[PDB]
Ligand SMILES: [Fe+3]
Ligand SMILES: [Fe+3]
Ligand SMILES: [Fe+3]
Ligand SMILES: [Fe+3]
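Protein chains in written order, with our numbering: chain A, 1 to 388; chain B, 389 to 776; chain C, 777 to 1286; chain D, 1287 to 1796; chain E, 1797 to 1962.
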């Protein structure tokens, strides 16, 4: 009706007076800061830290936990809900990690939402502006639809590699970062399909069906080793840290960066394609956002751990060697794609220089952080063997 | 204090009790829809119309006005606050116009805010990803810093052309669109400087000062006719409608669209420059946005006015011809810029195709609307006469 | 490869150089001053950052409104009198916000320095936001309130009454018609600095006191933008301070601007606060003295001293005419209640005690009159009595100042009672003060606004109302009412049966 | 060349084809079931659109919280008892939200169909949102409320008391430890569908009734996401229905999941509602029967009959053991008040009438006991009395169910009075029901949780409290209190003087 | 010193652990600790309140020593005892699949954990084991879960019934 039936304590005269009368003269404690006991990473405690740190009910027997005692219910056989046994890495405190971008859920969906709506505006402006007219047909129907399209499966696989980590992460801050690294990968795979669906609307005859790209991924040669690496990272790794580390600090940092930035971002422009770079901009931004988090966890927190620095670097060096070979194989097979381009698109020197950029960035941003002795020319020479 | 000293009628028992006691048993009118008397352009009245239509207090002597009588205070001499005498165009109702995007202030700043935040994120990813490494130094230090930067004065000039219209517009719906059209123009100009400032930060010897690009605009040959047309559309036109129509449905639709889309947007990619296209994507999205509004006002409302259809078309055809010449001239001069490009960048076959795109697009979106009979060949021919 | 970007300030550093020289690069509007083209603005903003800072405010605001406030039924649990008051406050302010757009657009054109243009431009956009915000307030009270009529159509129903004319003079025409600098003085130097900035805040205070949390949510958000406009007005003076024309014209345009603004707000604003509410915040006399004399006339104007700015010479005159101004006007507003788009209420016992306490002598004059009118049945449709009849009976003519449009009644007023009548080329003119009289005598063609008696002359009351849609949804009940209760609402017929016909009071001198 | 784009459904149409075949493409977790490879999902979302729909909700929520609600001092104007109740309600729910993240990550790994993985993924992200939302409620009340202690450090001070252990069983370990399907039943088919979805709404009602508009704002927003999780639970059943293993194990895992959830909720939720509030909304007895029996155990569960799902075989025992459950528990929670992170209050006169009225026999049992305790001075810090002492004096030992962790006192309870004590390989175990006993007997290694008496044995009370930071910022006054008044708060010294020492009640058995 | 998070027992074990400076000795002590203090089959419940924490400290030492002693291939594929991890995993899964009943199955799974829980067996193999062993154990246990009366189940589990109220 008018005022409704339900009476509310905040506005109902009778109820509010009863409430007001029971109130103390002033707060029963002046410490009005939730999470006041959390060691701040920065000058002052951030909202990101207060709302996140210690949400995970770990007992002290899992490094950094504040609770005590065993879990209340475990797996058949005895496996603990969460335990040290789920990863080879050790630390003095699993809650030390901090996403440098301080992303909790609200900030995270806010930014992705801005990107979504702006993406919509971009496409409507792109289509209304008829910019598709200047795109090379072959590049569009062959390289974007088949090869860029096949790459969605690569990103989809890397997304899935995160499933076990979402379940096993030993702290809130690591779980949140991990969940967001994985979510951004599925987003990219979906944006790759989004572009194909958009082209199917503005280009007569373009088929948005994933059949072609999927056949390329599952049975082609260009992505054969890439797919083999992805299947391994995702399903053969049962260690949540080996998974996240190898995915972001080895495979995606080398293969991913090469394909996205040194192939498609670098060549699409040459074929009158401003469309693909729009989506790759998002993928590279996400890649750089993830890197900060990946570096803080594996290098700042674990690789530099006051008690397990040496141990952790040994393990990560191990993982890097383990996954570098399959990653090189991935790049090597991808080299086969250059032979498909129209003559004069690019040459061996540009390709080589671009490989070195990716390798040098990787050595600086990752390898060097754990003292992994990477030989850049040896890596590039191994890859170049794939050029036909 | 914890409760404070100010008592609020919604929560204070005593005060709320008095208020509740004075309330009627039910609303004193069931018509709870503000702006219910406004004629909906679409199925149902939108928030856009409700909150905007009839905010301007025009009396009936200004087509569409709902008020009565003269203004309370006029200019020295007797000129009315707002009057029919400020534009040649006539109409049965100045409140007919509707922004197809239905933009009132909130949606407008929401979208631009998302773009600002994206933008910041994109620049951060760009720099961290080291994408500047693949950009042509000459194209950067010469075509982006000098020629693209000089174009900012063009957009800045089109921005200012809107000042008188922000003062003279004869309705709220038209005034809101106009303001946004001009605000987007200053934004573009500011984005051009932003890019140069960004380049200045990542390219050690790059100077962000507007000195170079300014002198190019004020004393160059490339934009001489461009600047002449701008200075005229801005300070020689005293009719708000001629200014708006001539800027968006003539000049910027031809010269502007060519420079932005057919030159920098089309050629920048070929020089490993995905940075500039990022900002041009905005300018074009903005252009297409303002286009739907420009079309609805001058064609849907005026050009097709139930009583002044023929009359308005005559005036706009007249305006089209009046400014088509200074616009065609601005283009010719710009053609001189191709000669400064490194050999092999583009050929007359391509430029001819791009010019026909701009012209055919113009004829399709503007020219044919008021039945101005334009010859694509003659225009393209007259413009093309500016090479070597 | 460090993550890098560029902020607003870094781009704004080069904004001043955006403008270039050329023959016809000058204002298109008539003005006696010269704004220096080296003038700078206080806030270093660019379009994108501006959008972001405003978008964030919008979030809070609309979030509160659509969610918590709606769940608390905030649109309903407001005093009836205040619900009515907001129909006038929000919509009348809306026009001030709207014309301010055109005004700052004119100022944008007037400025020559790119930075000064940019400052005015930011206001252009802000005033658009405020227009939509005020509209949203009426929109929300229409959608969720106890009485949508008026809130839902003020944009057309406001044209029926005389109060609206005066509002257009200070908030519409005063903002855009005349020397750009005069307009700036009316809008920013006086309007915003002296009245609106303080007013917006006060409104949220009176609203909270009366159960309205909707207006505070929106108006406090509007308030956060005002600092930019204050600066614009302040920079307007700095821009013309070195031009010789300034020492010759500024203080005159300011005084005129000051008198113009105060002439309306002094009576009207105090009336809306004290008579459009149940719960009181502070006596208007105290508020007025603080706002006008101390804060503005003292502190604010003082800071412009080094620029040749002096207190309006009409200041003393304004203070003498102020004391009873709002009380005198409510008598007229209520007497003519059928011409409004709102519902009015006579002071209750507690209120009369409050008025007498704060305004000694109030009861013996206004109080007795109100009780006389009520006992006679002014609230009852079957009485056949509308206070206007009492004015006719006791020969108390009501005039409209040709300049300010403010209604005044010389024979009854406890405040100013001066009256000047003139004839010029077949037309009569009535003035209520010496400042406005001068304005008309010197600028006849700037002031030809027809008053309600002139337009409605010979017309029967109910016909004017029906014609201008002064009806509620049922097509019979008046939007306006002489009480705020839910029963015994007056209908078009109740008015028609009175046979009231408008007459031009000035013709009595014929 | 018309303005065109692409939406979520358009991309989702092809999402199912994203997964591909390879030898090792299989779940990494142990399970008796096989989720169908072609299982589809109800909502067709992609990451971008998911973020947008949640982003919109956040704006509204935080807007209300930061703006209007703050201006209304909504964080303060709540009944003392409810401010305490939210310390527990919000932080305990927080852990459920948190563990649900890991739970759905485990289900995402389990599903083989891309669409089913995608559905679980959406929940993974929603549960992170909910974790942060619940955190925000405590965060808001700590920053703006009448008593921040507990609200500000629950993540560590919750570890002191016994109620927390049971919460981790149903909302933490029950969600992620076991067959992924068993976990899905605990979380989605039972947890959310039976208890959480109705619970979240109920809390907003109790909250509004007690002056709290903070919780309704957040929780009502949380509720909008639950529809998707319901569908995930439902789809879990569909995905495994055509598998032979289903007929063999589904109903057993479902029955176990039902008893697990119910065992804790039945007594705790009802206790927080009736004893943690001033104004009552509805008697827990009827709320429970409508929720568990009608809505869930009938409508909802019957819809899954076509997939082999049957009504939990322990449903009857749950109902019989439900009537007095929460009343039996509050006696224990109040007696052990020094071990909490929230302030408790004895039922007031008006409340005892309500209890007696709604639960005939309440006064003769609980009523008198509370009267005796207050007579003994349980609210007074100088009494030297803690209800626990009364349990000792009257030989009423308090045990902790080895499986559910729920505290029970069989000798003094009006509800279940069962007690099974077993000795196995050098360790003593105590069970309160035949369902939990079977769980332990069949799965000894899944239930080794040490109880508070076991961990605190031989420790003086004040020492445990001090060590686990159960103090206010003054470092002397206890966070927990036996009354909710603002004066005469117990300090650590008051407790130490009691010289209370923990002992393991099971050690009495030979 | 008798605290929850810090006490003499914990300190004493930290010292014992500090003296394990050889992989074989440390690994053997970890496994012995697990036989003595973990699972419902532990040889004793004397360290019930601190074993979880002490076990983690012992794991830390074994991990650190193993990483220093083993080459990269052995760190990935060999147990701390020098056994080939895949062989152990497969052999244990084979035994589990041959398990005649749920009683034999629980012994296999629980024992596997006590002997090979990571720093001993590489986590990759170990969790693959959990995946496989846990499945069979549950398949056997959850079949006709309620058929056996509590009276008889107590006998099967072999508890000593100390007290019953109903
Ligand atoms: Fe404003
Ligand atoms: Fe303003
Ligand atoms: Fe949830
Ligand atoms: Fe949920």
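All C-beta atoms in this analysis are idealised placements derived from N, C-alpha and C, irrespective of residue type, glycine included.
Practice item. Taking only heavy atoms of ligand 3 into account, decide whether any of them is closer than 8 Å to the Cβ of residue 1482(D). Key: yes
Check your understanding: With C-beta atoms as the reference, is residue 1518(D) less than 9 Å away from residue 1470(D)?
Key -> yes
Check your understanding: Would you say residue 1001(C) touches ligand 2, meaning its beta carbon is less than 8 Å from a heavy atom?
Key -> yes
Check your understanding: Using a Cβ-Cβ distance under 9 Å, would residue 1708(D) count as near chain E?
Key -> yes
Check your understanding: With distances taken between CB atoms, is the gap from residue 1206(C) to residue 1260(C) smaller than 9 Å?
Key -> no
Review point. Along chain B, which residues have their Cβ under 8 Å away from the Cβ of residue 1629(D)?
Key: Chain-order list of chain B residues neighbouring residue 1629(D): empty, with the shortest C-beta distance near 17 Å, by a criterion of under 8 Å.
Exercise for review: Go to residue 1705(D), then tell me how far its beta strand (DSSP E) extends in each direction, as first and last residue.
Suggested key: 1705 to 1710
**Study point:** Continuous alpha helix (DSSP H) assignments of at least 4 residues falling wholly in the stretch 841 to 922 of chain C
**Key:** 856 to 886 and 890 to 920
**Study point:** Contacts of residue 710(B) in chain C (Cβ-Cβ under 7 Å)
**Key:** Within 7 Å Cβ-Cβ: nothing; residue 710(B) doesn't reach chain C, min ~17 Å.
Check your understanding: Does the stretch 815 to 825 of chain C come close enough to the stretch 478 to 496 of chain B that 3 or more CB-CB pairs lie under 8 Å?
Key -> no
Exercise for review: Identify which residue in 1919(E), 1812(E), 1953(E) and 1899(E) has its Cα closest to the Cα of residue 1885(E).
Suggested key: 1919(E)
**Study point:** Extent of the continuous alpha helix (DSSP H) to which residue 341(A) belongs
**Key:** Element bounds for residue 341(A): n/a, residue is neither H nor E.
Review point. Should residue 1508(D) be counted as a contact of ligand 5 given a C-beta to heavy atom distance under 8 Å?
Key: Absence of ligand 5 is noted for the structure shown, with ligand 1, ligand 2, ligand 3 and ligand 4 being the only ligands found.
Practice item. Look at residue 1276(C) and residue 1236(C) and say whether their C-beta atoms are less than 9 Å apart. Key: yes
Review point. Is the distance from the Cβ of residue 643(B) to the Cβ of residue 668(B) below 9 Å?
Key: Not a contact, by the Cβ cut-off of 9 Å.
Review point. Under 8 Å Cβ-Cβ, which residues of chain D neighbour residue 1904(E)?
Key: Neighbours of residue 1904(E) on chain D: none; closest Cβ ~12 Å, over 8 Å.
Check your understanding: Does the beta carbon of residue 779(C) sit closer than 9 Å to a beta carbon anywhere in chain A?
Key -> So yes, residue 779(C) belongs to the interface.
Practice item. Starting from residue 1410(D), find everything on chain A with Cβ-Cβ shorter than 7 Å and list it in chain order. Key: 166 and 179
Review point. In terms of residue numbering, what span does the beta strand (DSSP E) encompassing residue 664(B) cover?
Key: Residue 664(B) -> not in any beta strand (DSSP E); alpha helix (DSSP H) instead, spanning 663 to 683.
Point to revise | Selection from 1175(C), 782(C) and 1192(C) that minimises the alpha carbon distance to residue 1285(C) | key: 1175(C)
Exercise for review: Locate the beta strand (DSSP E) running through residue 1717(D), then write down its first and last residues.
Suggested key: 1713 to 1717
**Study point:** residue 1867(E) burial status per 10 Å Cβ neighbour count (16 or more: buried)
**Key:** A residue is called buried when at least 16 other Cβ atoms come within 10 angstroms of its Cβ; residue 1867(E) does not meet this threshold and is exposed.
Practice item. Have a look at the DSSP bridge pairing and note the partners of residue 327(A). Key: Looking at the DSSP assignment, residue 327(A) forms no beta bridge with any residue, so it has no partner.
Practice item. Please name the residue, chosen from 1245(C), 955(C) and 994(C), that lies closest to residue 462(B) on a Cα-to-Cα basis. Key: 955(C)
Check your understanding: Of all the options 1923(E), 1907(E) and 1898(E), which has the alpha carbon lying nearest to the alpha carbon of residue 1833(E)?
Key -> 1907(E)
Check your understanding: So what's residue 1913(E) in DSSP terms, helix, strand or just coil?
Key -> Looking at residue 1913(E) - three-state DSSP - the assignment turns out to be coil, as it is neither helix nor strand.
Point to revise | Pick from 781(C), 939(C), 1246(C) and 803(C) that is closest to residue 780(B), judged by C-alpha positions | key: Only positions 389 to 776 of chain B appear in the structure, and residue 780(B) is not among them; the question remains open.
**Study point:** Proximity test, Cβ basis, 9 Å: residue 848(C) and chain A
**Key:** yes
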